[PDB]
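Two forms, one chain: they're shown below as structure tokens, one block per form, named structure 1 and structure 2.
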Structure 1
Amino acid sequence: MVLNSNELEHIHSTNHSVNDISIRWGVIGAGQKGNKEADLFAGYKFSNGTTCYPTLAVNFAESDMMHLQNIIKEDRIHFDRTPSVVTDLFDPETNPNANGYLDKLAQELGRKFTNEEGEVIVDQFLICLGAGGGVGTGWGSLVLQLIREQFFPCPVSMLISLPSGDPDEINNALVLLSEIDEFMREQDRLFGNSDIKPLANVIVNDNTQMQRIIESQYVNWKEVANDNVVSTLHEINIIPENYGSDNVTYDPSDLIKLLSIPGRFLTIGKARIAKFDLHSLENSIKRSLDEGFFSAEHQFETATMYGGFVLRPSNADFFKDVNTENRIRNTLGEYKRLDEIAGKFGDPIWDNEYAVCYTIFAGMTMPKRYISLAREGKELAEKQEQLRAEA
């Protein structure tokens, strides 16, 4: 059983009835980053020892998989550094024999995500990519195509990492984010507000932002980032199914709507609160949204939907108070006025000593990290253009 956060450790040592999640993810991880994250999801188990997430890892290099932990070799899909090469190999025209590549994929997909009775055991797909790579980013474009060709039995969610500072990795990331933004706009004019979107959301993480948080607190920066990112997603999946409130309960259906309907960019703040004061509460909430693992200068006022919950002790006098539920409403209100959009904010109960406040904004436009990333990007391909002058 994989337990890669204090929150998950507590939960499983206290609750022995963790037998269900809010939304049944099917995790596909592509490229080394993607595989490594998928590998973690694969490790999660219910209280009764069953796997939580059916998980495939996909790659072109078999060296980016031979050292995985929780993914059976059978579930390591292999095909015998430019995003084009991935897409190209899966085109009826561009590659001659791309017929026996689509097929392998579609087969293994049915193998891992369908019943015997040809049903589907998953609610949405969670695809993991370190945008910037060749295998990874390439798979980003590939997925967007497959979604048009209605290849997937249900909606797709993308978990995407943004590169630190390699000018090539930056290019790939930008063309992908660009291609994503362009899918999202098309999706917006093809489907209504109420409608279930084929691309449910995209969750981004900034490597620069993440490395920074990590050095603040031997230790591997990506191993730590991965644990935080993945555990958070798992936690927000676990909690609404396994923890209720006497006041306001964020239940699974609420989360499902939030992850399924907005159809654009999504972000999460996880804030630990032990300091039970209105001030330091406000502060760690703000910290988690602006300088947390999921932050990338998001455009908060473009959010069409919100959600989240503060997980608190059984006698948390504080999280009962009007001003508490008022200060929270106001702190969040600074990012997006809450009376404007759909959502719900819970306050579930748990056996713990501290609390944790989870915050989610969905349906946002392109994060501004795109801009500050590009600025970097252009100002580099010029520097090459010049150094290309010399000789």
Structure 2
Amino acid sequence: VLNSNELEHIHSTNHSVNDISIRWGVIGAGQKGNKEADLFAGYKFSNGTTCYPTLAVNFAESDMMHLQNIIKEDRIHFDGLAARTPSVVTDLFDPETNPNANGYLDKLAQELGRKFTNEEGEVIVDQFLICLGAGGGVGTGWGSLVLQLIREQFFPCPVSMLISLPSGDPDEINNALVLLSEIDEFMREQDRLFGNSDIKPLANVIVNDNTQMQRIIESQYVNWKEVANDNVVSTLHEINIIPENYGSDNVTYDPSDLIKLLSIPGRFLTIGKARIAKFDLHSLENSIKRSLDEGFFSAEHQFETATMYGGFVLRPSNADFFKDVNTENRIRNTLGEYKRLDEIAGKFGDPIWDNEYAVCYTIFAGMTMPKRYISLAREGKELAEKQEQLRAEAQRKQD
């Protein structure tokens, strides 16, 4: 499956795509998470093997049945009863409600053995990628449970969470808020318990905002969710392929650099994918600026709080514009406007590939809570009043 023309152009070109920088183990909870997970499950190497071991987790037999790359065996469901909400979902893994918790919890763990470990016993995975759509019951709940679980040291290795922020429904935007709050707290506890050099149990959290993503999609059938998913998932896959499979005459972003970036900072992380086809300094600047501020991973991030950077421009073989001093400190200065590269750890490469255009990936890690959190807090309470008041204005009229 090839859900971006970058992936198309590097599978027709390159038939040595036999490894990736980080061996993710993907788990998708809730409907959104399931769908993203289903995309990951589809990706294969040039030889035909699957790239990522993937599980789908949900409430119901029902929820999971139109998946395409996830075998039925790997569709894990947990009978519920009752209200579908983040809090009563968490509490099915807590004998504080279910006598079935110590079984339920020792079921998940034996589907963790089966899918991400060998016959031998050893784990076949560097970190877990947990996909969620904040707002729903099942997804948001799983989010909280995961925080709780990684404090039980339930997982063999670190956990990266790919979380999506809800569009506009006061119940959803409140659910989303309590999760994002739980995350901010956990990240602050993690900062006091682990060194700046140590591997963090919560590797990072990557957010997308559903409002920002729709805005974009209606500019460039038309299911917007299906398209949003293709973009975020294909982007993460791309940045995982590239360091393992291409290098540079000037500066290579290797897989170790990417692993450090995703492993150590342990807070909020963002990505900017910018296509480039004008080979000049202005169109370069805008593309980068646009991908960072008005792209799929933009949620009014606090770039000044970034503790690490990474990135690379995949460029054509002839292209000696991207080596150049202007070009280099132009990028250095363009990215410099967000966080001054001189003040934070990182590296920025320029790999070669068999194509005649260039794509520029930018990653900032270690950031603090994104400002979308505040504007959501605002926008949820704003539409909350609107609807309570509507309610009353309808009841008034009747009476």
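Throughout, rigid core stands for the largest set of C-alpha atoms superposing within 1.5 Å between the two forms. For numbering, take structure 1's sequence and count from 1.
Worksheet item: If you fit the two forms on their rigid core, which residue out of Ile349, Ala61, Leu68, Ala342 shows a CA shift of at least 2 Å between structure 1 and structure 2?
Response: Single hit from the list, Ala61.
Worksheet entry | Exceeds or equals 2 Å, Cα of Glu379 between structure 1 and structure 2, core fit | Yes, because once the rigid core is superposed, the C-alpha of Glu379 moves 2 Å or more between structure 1 and structure 2.
Fill in: Residue shift check between structure 1 and structure 2, rigid core fit, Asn95 Cα at least 2 Å
Shift at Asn95: 2 Å or more after core fit.
Item to complete: For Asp317, tell me the Cα shift between structure 1 and structure 2 once the rigid core is superposed, in Å to one decimal.
Response: With the cores aligned, its C-alpha sits 1.9 Å away.
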